[PDB]
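What follows is input_13.pdb (PDB, C-alpha atoms).
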```
ATOM      1  CA  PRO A   1     -10.092  15.857   2.672
ATOM      2  CA  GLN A   2      -7.452  14.647   5.113
ATOM      3  CA  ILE A   3      -7.535  10.862   5.536
ATOM      4  CA  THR A   4      -6.036   9.503   8.718
ATOM      5  CA  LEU A   5      -4.759   5.954   9.103
ATOM      6  CA  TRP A   6      -6.328   4.732  12.317
ATOM      7  CA  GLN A   7      -8.430   2.555  10.001
ATOM      8  CA  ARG A   8      -8.065   1.543   6.341
ATOM      9  CA  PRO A   9      -8.301   4.499   4.018
ATOM     10  CA  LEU A  10     -11.368   3.130   2.272
ATOM     11  CA  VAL A  11     -13.242   5.466  -0.125
ATOM     12  CA  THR A  12     -16.253   5.244  -2.425
ATOM     13  CA  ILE A  13     -15.375   5.641  -6.082
ATOM     14  CA  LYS A  14     -17.515   5.633  -9.156
ATOM     15  CA  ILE A  15     -16.918   3.629 -12.266
ATOM     16  CA  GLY A  16     -19.439   3.060 -15.031
ATOM     17  CA  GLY A  17     -22.136   4.883 -13.044
ATOM     18  CA  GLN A  18     -21.309   2.485 -10.199
ATOM     19  CA  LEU A  19     -20.302   3.381  -6.640
ATOM     20  CA  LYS A  20     -17.755   0.947  -5.193
ATOM     21  CA  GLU A  21     -15.297   0.925  -2.346
ATOM     22  CA  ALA A  22     -11.583   1.370  -2.962
ATOM     23  CA  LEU A  23      -8.460   1.637  -0.818
ATOM     24  CA  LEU A  24      -6.017   4.534  -1.277
ATOM     25  CA  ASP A  25      -2.689   2.777  -1.679
ATOM     26  CA  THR A  26       0.618   4.661  -1.733
ATOM     27  CA  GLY A  27       2.295   1.236  -1.959
ATOM     28  CA  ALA A  28       0.761   0.295  -5.325
ATOM     29  CA  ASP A  29       2.334   1.434  -8.628
ATOM     30  CA  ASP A  30      -0.818   0.600 -10.543
ATOM     31  CA  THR A  31      -4.576   0.615  -9.844
ATOM     32  CA  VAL A  32      -6.011  -2.910  -9.421
ATOM     33  CA  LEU A  33      -9.783  -3.384  -9.450
ATOM     34  CA  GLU A  34     -12.002  -6.414  -8.725
ATOM     35  CA  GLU A  35     -13.331  -8.663 -11.373
ATOM     36  CA  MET A  36     -15.552  -6.577 -13.608
ATOM     37  CA  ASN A  37     -16.657  -5.683 -17.096
ATOM     38  CA  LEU A  38     -14.760  -2.805 -18.587
ATOM     39  CA  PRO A  39     -15.052  -1.442 -22.079
ATOM     40  CA  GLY A  40     -12.422  -2.600 -24.576
ATOM     41  CA  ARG A  41      -9.417  -4.686 -25.391
ATOM     42  CA  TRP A  42      -7.051  -5.754 -22.633
ATOM     43  CA  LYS A  43      -3.393  -6.826 -22.728
ATOM     44  CA  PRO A  44      -1.780  -9.153 -20.190
ATOM     45  CA  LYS A  45       0.243  -7.819 -17.261
ATOM     46  CA  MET A  46       2.295  -9.175 -14.355
ATOM     47  CA  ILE A  47       2.391  -7.659 -10.885
ATOM     48  CA  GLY A  48       4.069  -8.759  -7.638
ATOM     49  CA  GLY A  49       3.221  -8.318  -3.991
ATOM     50  CA  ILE A  50       3.666 -10.404  -0.894
ATOM     51  CA  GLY A  51       2.682 -13.810  -2.184
ATOM     52  CA  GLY A  52       4.710 -13.147  -5.347
ATOM     53  CA  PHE A  53       3.635 -12.442  -8.931
ATOM     54  CA  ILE A  54       0.410 -12.884 -10.845
ATOM     55  CA  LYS A  55      -0.834 -12.083 -14.342
ATOM     56  CA  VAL A  56      -3.701  -9.621 -14.426
ATOM     57  CA  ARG A  57      -5.530  -8.009 -17.356
ATOM     58  CA  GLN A  58      -5.096  -4.341 -18.303
ATOM     59  CA  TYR A  59      -7.373  -1.670 -19.716
ATOM     60  CA  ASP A  60      -6.427   1.832 -20.829
ATOM     61  CA  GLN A  61      -8.036   5.201 -20.579
ATOM     62  CA  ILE A  62     -10.618   4.097 -17.973
ATOM     63  CA  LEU A  63     -12.522   6.821 -16.174
ATOM     64  CA  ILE A  64     -12.878   6.634 -12.424
ATOM     65  CA  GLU A  65     -14.301   9.166 -10.042
ATOM     66  CA  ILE A  66     -12.663   9.249  -6.648
ATOM     67  CA  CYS A  67     -14.464  11.416  -4.093
ATOM     68  CA  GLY A  68     -15.914  13.542  -6.822
ATOM     69  CA  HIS A  69     -12.456  13.725  -8.490
ATOM     70  CA  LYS A  70     -12.186  12.563 -12.141
ATOM     71  CA  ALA A  71      -9.145  10.483 -13.148
ATOM     72  CA  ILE A  72      -8.384   8.619 -16.404
ATOM     73  CA  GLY A  73      -5.828   5.896 -16.929
ATOM     74  CA  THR A  74      -4.726   2.298 -16.798
ATOM     75  CA  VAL A  75      -6.610   0.037 -14.455
ATOM     76  CA  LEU A  76      -5.652  -3.581 -13.926
ATOM     77  CA  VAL A  77      -8.299  -6.249 -13.203
ATOM     78  CA  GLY A  78      -7.343  -9.374 -11.189
ATOM     79  CA  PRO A  79      -8.191 -11.107  -7.903
ATOM     80  CA  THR A  80      -8.394  -8.869  -4.848
ATOM     81  CA  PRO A  81     -10.519  -8.451  -1.731
ATOM     82  CA  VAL A  82     -10.744  -4.736  -2.599
ATOM     83  CA  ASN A  83     -10.266  -2.312  -5.497
ATOM     84  CA  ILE A  84      -6.890  -0.571  -5.128
ATOM     85  CA  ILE A  85      -6.069   2.967  -6.256
ATOM     86  CA  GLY A  86      -2.345   3.259  -6.912
ATOM     87  CA  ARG A  87      -0.067   6.175  -7.550
ATOM     88  CA  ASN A  88      -1.056   6.191 -11.239
ATOM     89  CA  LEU A  89      -4.429   7.663 -10.194
ATOM     90  CA  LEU A  90      -3.540   9.204  -6.841
ATOM     91  CA  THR A  91      -1.135  11.483  -8.658
ATOM     92  CA  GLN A  92      -3.986  12.712 -10.872
ATOM     93  CA  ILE A  93      -6.416  13.529  -8.105
ATOM     94  CA  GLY A  94      -3.410  15.213  -6.471
ATOM     95  CA  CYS A  95      -2.880  13.180  -3.248
ATOM     96  CA  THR A  96       0.243  13.551  -1.116
ATOM     97  CA  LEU A  97       1.267  12.041   2.245
ATOM     98  CA  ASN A  98       1.798  14.547   5.049
ATOM     99  CA  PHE A  99       3.594  14.102   8.327
TER     100      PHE A  99
ATOM    101  CA  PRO B   1       7.644  16.421   5.008
ATOM    102  CA  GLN B   2       4.958  16.555   2.329
ATOM    103  CA  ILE B   3       5.598  13.639  -0.086
ATOM    104  CA  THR B   4       4.516  13.376  -3.715
ATOM    105  CA  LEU B   5       3.442  10.093  -5.314
ATOM    106  CA  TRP B   6       5.224  10.683  -8.614
ATOM    107  CA  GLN B   7       7.706   8.155  -7.256
ATOM    108  CA  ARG B   8       7.557   5.405  -4.630
ATOM    109  CA  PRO B   9       7.497   7.029  -1.168
ATOM    110  CA  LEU B  10      10.608   5.189  -0.005
ATOM    111  CA  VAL B  11      12.195   6.511   3.217
ATOM    112  CA  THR B  12      15.203   5.632   5.397
ATOM    113  CA  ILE B  13      14.423   3.952   8.689
ATOM    114  CA  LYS B  14      16.656   3.196  11.686
ATOM    115  CA  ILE B  15      15.960  -0.212  13.196
ATOM    116  CA  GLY B  16      18.300  -1.946  15.607
ATOM    117  CA  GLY B  17      20.812   0.784  14.839
ATOM    118  CA  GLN B  18      20.907  -0.515  11.262
ATOM    119  CA  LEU B  19      19.421   1.979   8.794
ATOM    120  CA  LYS B  20      17.317   0.326   6.104
ATOM    121  CA  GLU B  21      15.046   1.719   3.355
ATOM    122  CA  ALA B  22      11.286   1.327   3.317
ATOM    123  CA  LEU B  23       8.163   2.284   1.502
ATOM    124  CA  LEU B  24       5.358   4.120   3.218
ATOM    125  CA  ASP B  25       2.480   1.865   2.463
ATOM    126  CA  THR B  26      -1.058   2.826   3.368
ATOM    127  CA  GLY B  27      -2.304  -0.353   1.730
ATOM    128  CA  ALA B  28      -0.496  -2.197   4.576
ATOM    129  CA  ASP B  29      -2.133  -2.808   7.967
ATOM    130  CA  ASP B  30       1.199  -3.756   9.577
ATOM    131  CA  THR B  31       4.937  -3.219   9.171
ATOM    132  CA  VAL B  32       6.887  -6.021   7.572
ATOM    133  CA  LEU B  33      10.644  -5.927   7.111
ATOM    134  CA  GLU B  34      12.787  -8.373   5.169
ATOM    135  CA  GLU B  35      14.580 -10.939   7.310
ATOM    136  CA  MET B  36      16.823  -9.846  10.152
ATOM    137  CA  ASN B  37      17.531 -10.528  13.784
ATOM    138  CA  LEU B  38      15.751  -8.604  16.471
ATOM    139  CA  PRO B  39      15.509  -9.357  20.187
ATOM    140  CA  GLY B  40      12.464 -10.712  21.976
ATOM    141  CA  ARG B  41      10.187 -13.628  21.410
ATOM    142  CA  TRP B  42       8.434 -13.666  18.091
ATOM    143  CA  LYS B  43       5.166 -15.500  17.343
ATOM    144  CA  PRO B  44       4.364 -16.686  13.838
ATOM    145  CA  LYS B  45       1.790 -14.776  11.804
ATOM    146  CA  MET B  46       0.677 -15.259   8.158
ATOM    147  CA  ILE B  47       0.114 -12.111   5.973
ATOM    148  CA  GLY B  48      -1.589 -11.933   2.593
ATOM    149  CA  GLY B  49      -1.143  -9.805  -0.499
ATOM    150  CA  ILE B  50      -0.945 -10.093  -4.253
ATOM    151  CA  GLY B  51       0.254 -13.595  -5.065
ATOM    152  CA  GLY B  52      -0.724 -14.921  -1.669
ATOM    153  CA  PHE B  53       0.340 -15.548   1.877
ATOM    154  CA  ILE B  54       3.865 -15.728   3.401
ATOM    155  CA  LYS B  55       4.541 -16.753   7.015
ATOM    156  CA  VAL B  56       6.377 -14.105   9.054
ATOM    157  CA  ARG B  57       7.831 -13.784  12.569
ATOM    158  CA  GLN B  58       5.977 -11.251  14.732
ATOM    159  CA  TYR B  59       7.793  -9.062  17.238
ATOM    160  CA  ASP B  60       6.219  -6.457  19.504
ATOM    161  CA  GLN B  61       7.072  -3.303  21.368
ATOM    162  CA  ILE B  62       9.764  -2.886  18.716
ATOM    163  CA  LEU B  63      11.142   0.654  18.212
ATOM    164  CA  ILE B  64      11.659   2.184  14.726
ATOM    165  CA  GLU B  65      12.697   5.612  13.513
ATOM    166  CA  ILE B  66      11.045   7.096  10.420
ATOM    167  CA  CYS B  67      12.561  10.399   9.296
ATOM    168  CA  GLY B  68      13.535  11.446  12.836
ATOM    169  CA  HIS B  69      10.372  10.473  14.627
ATOM    170  CA  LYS B  70      10.335   7.506  16.917
ATOM    171  CA  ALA B  71       7.398   5.121  16.741
ATOM    172  CA  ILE B  72       6.680   1.904  18.643
ATOM    173  CA  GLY B  73       4.868  -1.085  17.244
ATOM    174  CA  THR B  74       4.723  -4.668  16.199
ATOM    175  CA  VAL B  75       6.945  -5.366  13.156
ATOM    176  CA  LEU B  76       6.781  -8.644  11.155
ATOM    177  CA  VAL B  77      10.045 -10.027   9.775
ATOM    178  CA  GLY B  78      10.206 -12.323   6.759
ATOM    179  CA  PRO B  79      10.270 -12.882   3.029
ATOM    180  CA  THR B  80       9.179  -9.451   1.769
ATOM    181  CA  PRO B  81      11.155  -8.187  -1.261
ATOM    182  CA  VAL B  82      10.851  -4.627   0.015
ATOM    183  CA  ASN B  83      10.653  -3.286   3.525
ATOM    184  CA  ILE B  84       7.185  -1.902   4.262
ATOM    185  CA  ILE B  85       6.056   0.654   6.850
ATOM    186  CA  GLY B  86       2.350   0.096   7.439
ATOM    187  CA  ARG B  87      -0.535   1.775   9.149
ATOM    188  CA  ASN B  88       0.562   0.581  12.582
ATOM    189  CA  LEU B  89       3.524   3.000  12.554
ATOM    190  CA  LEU B  90       2.349   5.583  10.022
ATOM    191  CA  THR B  91      -0.246   6.721  12.587
ATOM    192  CA  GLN B  92       2.471   7.063  15.194
ATOM    193  CA  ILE B  93       4.393   9.667  13.209
ATOM    194  CA  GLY B  94       1.091  11.227  12.301
ATOM    195  CA  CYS B  95       0.930  10.769   8.586
ATOM    196  CA  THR B  96      -2.162  11.570   6.572
ATOM    197  CA  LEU B  97      -3.177  11.158   2.958
ATOM    198  CA  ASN B  98      -4.380  14.597   1.739
ATOM    199  CA  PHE B  99      -6.077  15.649  -1.500
TER     200      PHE B  99
END
```
Mind converting the file's structure to C-alpha cells?
Amino acid sequence: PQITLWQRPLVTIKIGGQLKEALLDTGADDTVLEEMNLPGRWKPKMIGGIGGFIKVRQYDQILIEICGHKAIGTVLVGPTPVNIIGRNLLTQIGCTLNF
Amino acid sequence: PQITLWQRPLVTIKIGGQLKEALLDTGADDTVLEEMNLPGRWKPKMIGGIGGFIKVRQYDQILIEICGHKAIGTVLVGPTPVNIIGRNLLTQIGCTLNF
C-alpha cells in the first residue's frame, strides 16, 4: 500500500498467531514490541530515545507478519505504548519513504 | 526522492538560514530540533519517548526547508540528541511510506 502521514501509520501485524497493532517507524533502528511471551533465550540490550536510555530484552529470529508480509529478525521487548517496527524489519518487507 | 531504510533517513534542513541535519521520523507526531534560538513566543510542551519525557519550547508558524520543499509548522526546541522531522511537516512535503 501507500501509507500517508495525516495520522499515525498504525498497522495490524501478526505474531504467534496473534493480531496486534504496530507503528511503522523510520526513526527506529530496531523493532520494539510490548511486554509479551516470546520463544527462547534473550540477551540484554540498551536503547535511547527522547527520555534517554533504557535496557530492554532481545530475541532473535522472531517471525512477524506485517500486512501479510513475512519478516524474521531481532525484536526487542520493553515498555512502550505501542509495538514499533524499525528499519530492521521495514527493510525486509521492502518499505521506502517517497516524496 | 525515494529513500531506502538500509540507513537512517537523515536529510539536510534549512532553518533560520542555518542548515542542520535531521532524521525523517514517522514515529514522531511533531518536529523537535536540538536547542537553538528562533523568533516568536514559545510555550512549554512536554514530549515523551523511550526513556521518558523532556520539556521543550514550542514555536509555531515556523518555516523549514526539507530537500527543497518549504513546509510550515510548529517545531519544538530542546534536549533532543538528534534533530527530528515528524509527521507535522512530513505531510507538508507529501511523504508516504510505501511497500
Hey, could you make a per-residue contact list for chain B against chain A with 6 Å as the cut-off, showing the nearest pair of atoms and its distance in Å to one decimal, counting all atoms listed in the file, sorted by chain and number, as CSV?
```
residue,atom,partner,partner_atom,distance
B:1,CA,A:99,CA,5.7
B:2,CA,A:98,CA,4.6
B:3,CA,A:97,CA,5.2
B:4,CA,A:96,CA,5.0
B:5,CA,A:87,CA,5.7
B:25,CA,A:27,CA,4.5
B:26,CA,A:25,CA,5.3
B:27,CA,A:25,CA,4.6
B:49,CA,A:50,CA,4.9
B:50,CA,A:49,CA,4.5
B:51,CA,A:51,CA,3.8
B:52,CA,A:51,CA,3.6
B:53,CA,A:51,CA,5.0
B:87,CA,A:5,CA,5.9
B:91,CA,A:5,CA,5.8
B:94,CA,A:99,CA,5.5
B:95,CA,A:99,CA,4.3
B:96,CA,A:4,CA,4.9
B:97,CA,A:97,CA,4.6
B:98,CA,A:2,CA,4.6
B:99,CA,A:95,CA,4.4
```
Å distance separating CA of residue 31 (chain A) from CA of residue 61 (chain A), one decimal place: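 It comes out at 12.2 Å.
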Could you give me chain A least-squares fitted onto chain B (all C-alpha atoms, paired in order), as a short mmCIF file (atom, residue, chain, number, x, y, z; two decimals) with C-alpha atoms, in the frame of the given file?
```cif
data_model
loop_
_atom_site.label_atom_id
_atom_site.label_comp_id
_atom_site.auth_asym_id
_atom_site.auth_seq_id
_atom_site.Cartn_x
_atom_site.Cartn_y
_atom_site.Cartn_z
CA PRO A 1 7.45 16.57 4.93
CA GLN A 2 5.05 16.15 2.02
CA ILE A 3 5.80 13.01 0.00
CA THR A 4 4.54 12.97 -3.55
CA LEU A 5 3.91 9.80 -5.53
CA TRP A 6 5.65 10.38 -8.83
CA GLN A 7 8.12 7.78 -7.55
CA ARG A 8 7.96 5.21 -4.73
CA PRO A 9 7.68 6.84 -1.34
CA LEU A 10 10.95 5.35 -0.14
CA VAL A 11 12.40 6.66 3.16
CA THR A 12 15.41 5.94 5.35
CA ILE A 13 14.50 4.54 8.74
CA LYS A 14 16.62 3.52 11.65
CA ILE A 15 16.40 0.28 13.53
CA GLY A 16 19.00 -1.03 15.95
CA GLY A 17 21.32 1.88 15.15
CA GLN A 18 20.91 0.89 11.50
CA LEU A 19 19.75 3.08 8.62
CA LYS A 20 17.66 1.16 6.08
CA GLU A 21 15.23 2.00 3.33
CA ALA A 22 11.50 1.53 3.81
CA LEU A 23 8.37 2.21 1.77
CA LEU A 24 5.45 4.17 3.26
CA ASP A 25 2.49 1.91 2.62
CA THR A 26 -1.10 3.02 3.24
CA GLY A 27 -2.15 -0.37 1.84
CA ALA A 28 -0.45 -2.44 4.56
CA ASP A 29 -2.18 -3.14 7.91
CA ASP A 30 1.08 -4.21 9.50
CA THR A 31 4.77 -3.29 9.15
CA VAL A 32 6.80 -5.99 7.34
CA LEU A 33 10.60 -5.82 7.44
CA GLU A 34 13.31 -7.82 5.63
CA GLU A 35 15.03 -10.76 7.13
CA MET A 36 16.86 -9.54 10.20
CA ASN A 37 17.81 -10.11 13.80
CA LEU A 38 15.44 -8.53 16.25
CA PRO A 39 15.51 -8.82 20.00
CA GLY A 40 13.14 -11.36 21.55
CA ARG A 41 10.55 -14.04 21.16
CA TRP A 42 8.39 -14.15 18.04
CA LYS A 43 4.98 -15.73 17.40
CA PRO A 44 3.79 -16.92 13.99
CA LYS A 45 1.55 -14.78 11.79
CA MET A 46 -0.25 -15.03 8.45
CA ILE A 47 -0.63 -12.18 5.98
CA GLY A 48 -2.10 -11.99 2.47
CA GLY A 49 -1.36 -9.86 -0.55
CA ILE A 50 -1.45 -10.41 -4.27
CA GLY A 51 0.12 -13.83 -4.52
CA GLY A 52 -1.97 -14.96 -1.54
CA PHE A 53 -1.02 -15.74 2.06
CA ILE A 54 2.24 -16.46 3.82
CA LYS A 55 3.34 -17.09 7.40
CA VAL A 56 5.73 -14.49 8.75
CA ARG A 57 7.27 -14.06 12.22
CA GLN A 58 6.20 -11.31 14.63
CA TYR A 59 7.98 -9.21 17.22
CA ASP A 60 6.44 -6.76 19.67
CA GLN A 61 7.43 -3.41 21.03
CA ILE A 62 10.15 -2.83 18.40
CA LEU A 63 11.53 0.68 18.10
CA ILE A 64 11.90 2.22 14.68
CA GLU A 65 12.84 5.73 13.75
CA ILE A 66 11.19 7.04 10.62
CA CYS A 67 12.57 10.37 9.39
CA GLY A 68 13.64 11.28 12.87
CA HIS A 69 10.21 10.15 14.20
CA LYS A 70 10.17 7.47 16.95
CA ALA A 71 7.55 4.70 16.73
CA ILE A 72 7.14 1.50 18.79
CA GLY A 73 5.11 -1.54 17.89
CA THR A 74 4.66 -4.84 16.13
CA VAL A 75 6.90 -5.51 13.18
CA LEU A 76 6.59 -8.62 11.07
CA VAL A 77 9.66 -10.24 9.45
CA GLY A 78 9.26 -12.26 6.22
CA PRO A 79 10.38 -12.21 2.58
CA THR A 80 10.17 -8.86 0.82
CA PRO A 81 12.17 -6.78 -1.64
CA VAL A 82 11.74 -3.84 0.77
CA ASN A 83 10.86 -3.05 4.39
CA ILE A 84 7.23 -1.89 4.57
CA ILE A 85 5.81 0.61 7.06
CA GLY A 86 2.09 -0.02 7.50
CA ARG A 87 -0.66 1.91 9.17
CA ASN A 88 0.33 0.46 12.57
CA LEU A 89 3.39 2.76 12.51
CA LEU A 90 2.22 5.45 10.11
CA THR A 91 -0.54 6.28 12.55
CA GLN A 92 2.07 6.85 15.28
CA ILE A 93 4.30 9.18 13.33
CA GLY A 94 1.04 10.90 12.37
CA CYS A 95 0.85 10.44 8.56
CA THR A 96 -2.30 11.21 6.58
CA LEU A 97 -3.06 11.19 2.83
CA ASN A 98 -4.03 14.55 1.36
CA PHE A 99 -5.74 15.31 -1.91
#
```
Atomic separation - CA of residue 45 (chain A) relative to CA of residue 32 (chain A), Å: 11.2 Å
Point-to-point distance from CA of residue 59 (chain A) to CA of residue 30 (chain A), Å rounded to tenths: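 Computing the Euclidean distance for CA of residue 59 (chain A) and CA of residue 30 (chain A) yields 11.5 Å.
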Picked residues, the PyMOL selection byres ((chain B and resi 33) around 6), expected as a list in words: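 Evaluating the PyMOL selection byres ((chain B and resi 33) around 6) on this file yields residues 32, 34, 77 and 83 of chain B.
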Distance criterion (all atoms listed in the file): nearest to residue 41 (chain A) out of A:62, A:82, A:70, A:21: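 Of the candidates, the smallest distance to residue 41 (chain A) is held by A:62.
The shortest atom-to-atom distance to residue 72 (chain A), with only C-alpha atoms taken into account, belongs to A:60 out of A:39, A:46, A:22, A:60.
Put simply, the PyMOL selection byres ((chain A and resi 64) around 8) in this file takes in residues 13, 14, 15, 16, 62, 63, 65, 66, 70, 71 and 72 of chain A.
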Using only the atoms of region 9-14 of chain B listed in the file, plus 4 Å on each side, state the axis-aligned box centre and edge lengths in Å rounded to one decimal, as JSON.
```
{"center_x": 12.1, "center_y": 5.1, "center_z": 5.3, "size_x": 17.2, "size_y": 11.8, "size_z": 20.9}
```
